[PDB]
Amino acid sequence: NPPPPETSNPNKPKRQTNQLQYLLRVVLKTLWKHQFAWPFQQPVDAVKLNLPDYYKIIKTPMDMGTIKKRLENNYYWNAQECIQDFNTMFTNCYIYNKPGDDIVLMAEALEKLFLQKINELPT
Ligand SMILES: Cc1cc(/N=N/c2ccc(S(=O)(=O)Nc3ccccn3)cc2)c(N)cc1O
């Protein structure tokens, strides 16, 4: 496995916004507690899971464990950066896996919920 994505940025300034607070306390928390969250709570462990070619296929890995730590560490300056990371996580699943796969159905359920929660992101 590669190192996990960075979760801190020392050369960056930090802020908190209402949108960032919402992304952590509402969006991330709600997805985290979904019945299908567990495969998405940490980086894909291709060695342990014996996933052929995962990191040959997926060059931009992302997961909710990483997103959570980024939020907790005020890694994101712009809310969009966080939204993009969720989207990368879902897209990776669709790149690597096939229609009907259990992991795809799980991703789909999480994405649906994500969209519901981002729809209610405060202005
Ligand atoms: C994001 C992602 C995760 C995957 N698999 N994740 C797993 C996590 C845990 C297990 S397990 O073997 O540790 N636990 C299981 C496996 C099956 C049934 C119940 N528990 C298996 C796959 C997978 N493939 C493809 C993907 O694109």
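Both counts, for ligands and for their atoms, begin at 1 and track the order of listing. Values reported hereafter were calculated over all heavy atoms of this structure, with side chains retained and with hydrogens, waters and symmetry mates removed. For the single chain, residues carry numbers from 1 onward in sequence order.
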Note down each nitrogen or oxygen pair, ligand 1 side and protein side, whose separation is under 3.5 Å; give only atom names and the distance to 0.1 Å.
residue  : atom   : partner : partner atom : Å
ligand 1 : 27 (O) : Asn97   : ND2          : 2.8

is_close_aromatic(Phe114, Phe90), centroid dist under 6.0 Å: yes
Over 12 non-hydrogen atoms of neighbours within 6.0 angstrom of CD in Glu81: yes
OH on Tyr76 to CD on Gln16, rounded to 0.5 Å: 12.5 Å
Within 45° cone of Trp32 ring axis and under 6.0 Å: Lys68 NZ or CZ: yes
Donor + acceptor pair across side chains of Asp85, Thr88 (<3.5 Å): no
Please tabulate, one pair per line, all N/O donor-acceptor pairs under 3.5 Å involving side-chain atoms of residues 49-59, not counting sequence neighbours.
residue : atom : partner : partner atom : Å
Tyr55   : OH   : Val44   : O            : 2.7
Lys59   : NZ   : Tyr55   : O            : 2.8

